[PDB]
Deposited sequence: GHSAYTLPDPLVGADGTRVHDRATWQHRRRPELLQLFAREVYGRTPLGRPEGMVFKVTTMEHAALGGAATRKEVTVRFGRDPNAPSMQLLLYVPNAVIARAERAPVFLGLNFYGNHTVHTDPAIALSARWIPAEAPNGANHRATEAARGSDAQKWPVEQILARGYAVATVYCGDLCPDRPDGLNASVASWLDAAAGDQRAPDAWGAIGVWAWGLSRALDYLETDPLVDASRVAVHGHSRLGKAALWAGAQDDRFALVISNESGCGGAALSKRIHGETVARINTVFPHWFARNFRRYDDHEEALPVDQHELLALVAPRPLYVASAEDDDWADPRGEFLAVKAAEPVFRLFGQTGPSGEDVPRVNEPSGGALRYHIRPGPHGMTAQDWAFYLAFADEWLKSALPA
């Protein structure tokens, strides 16, 4: 292909990065600043002062006794009028009963907390939902929407394997529509047009994931040092940017995150910078639009975003028929990030070409491609659970 990638291990001034300390204290900040200014926009603050956590419901015998279910309003200021998000948490009762804290999978959902499981006790979101959401009515959730996205969320299996499940609807943070930033937590945090380097939806979604982690640190049922942050597609772009910016996340999973997630942009294949910015002008910074039809001018590529997770375990995965996300570009980004993981003594996929379907490859830096179209399937999750068992931080040292 007709591109050349910037080297993560060459600093902005030309000096080679030879050691883990130089990586962590000099090169990581350089790369975080480039992604903030040129791609996602600047995250203007981390935890806001005055965050308030309210447990609104608590069920100790959910899912027929298998789980404790908690709903938590995370309000971003002390005034009752301040914006908030609604977190849903299922915790495996087997782990609670042993008086042990559970590790956690955390990720955003597309259409509302009530869509991840049929469970009729989940609060029905009252927020705007996209027309694509199954069983909506005038952009609001209906009772028939309950469990409408459960295929992406094997809650019972995740719990049986010893992990809690935490989720938040992405639209609590920024509604996924081209004008959504004006009704987002970003609008709350003197003029009206956002600045060239202002964050978009991906940055806002990623920030919400870190705010969910702030909540998890206070919950006695879970171990917030053992959180795997995950996402599918656009929500996987957010998971990657969250895990790169916030090194408290212990493990990061990108399920088919594609353009502006794991796929190289300088490889012109499937979705391009111009296409993503034209269709989704709210997702990235306005500055990213400088690279429409000009990916050769990008000063970073997505292999460097993957490298910002090192040395923490990172899983990138693709679907065989998902040409728009550019599976080969996702794999080649993993290979181009591998030298940074190797600096930290980790290993990535063995081969130099895309592995065969359903044969994951790599150590703490892992890749698989599964048959079929864009989505997030039981096979994806089976592989993610094996990876978390092996590579997620232990309850011990």
Where the deposited sequence has no C-alpha coordinates (positions from 1, in order): 1-2, 192-194, 403
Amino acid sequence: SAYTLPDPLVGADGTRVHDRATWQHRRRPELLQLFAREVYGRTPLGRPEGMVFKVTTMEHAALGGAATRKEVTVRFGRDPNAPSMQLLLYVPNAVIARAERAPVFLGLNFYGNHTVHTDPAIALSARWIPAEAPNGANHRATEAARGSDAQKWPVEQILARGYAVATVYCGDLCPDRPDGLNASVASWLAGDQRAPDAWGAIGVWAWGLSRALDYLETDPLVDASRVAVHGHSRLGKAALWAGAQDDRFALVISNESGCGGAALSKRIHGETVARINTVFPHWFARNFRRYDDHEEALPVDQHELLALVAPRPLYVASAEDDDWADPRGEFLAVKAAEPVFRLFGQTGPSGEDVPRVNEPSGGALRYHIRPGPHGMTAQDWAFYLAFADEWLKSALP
From here on, numbers count along this sequence of modelled residues.
Stretch with the greater mean C-alpha B-factor as recorded in the entry, comparing 65-73 against 351-359: 351-359
Given 313-321 and 122-130, the range whose Cα B-factors average higher in the PDB entry: 122-130
Residue with highest C-alpha B-factor in the PDB entry, from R289, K266, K237, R226: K266
Highest-ranked of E304, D172, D293, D197 once sorted by CA temperature factor in the record: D293
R42 - Cα temperature factor, lowest/middle/highest third of chain: middle
CA B-factor ranking of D176, expressed as a third of its chain: middle
Entry-reported Cα temperature factor of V185, expressed as the chain third it lands in: highest
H114 CA temperature factor, ranked by third within the chain: middle
Third assignment of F344 from its chain's C-alpha B-factors: highest
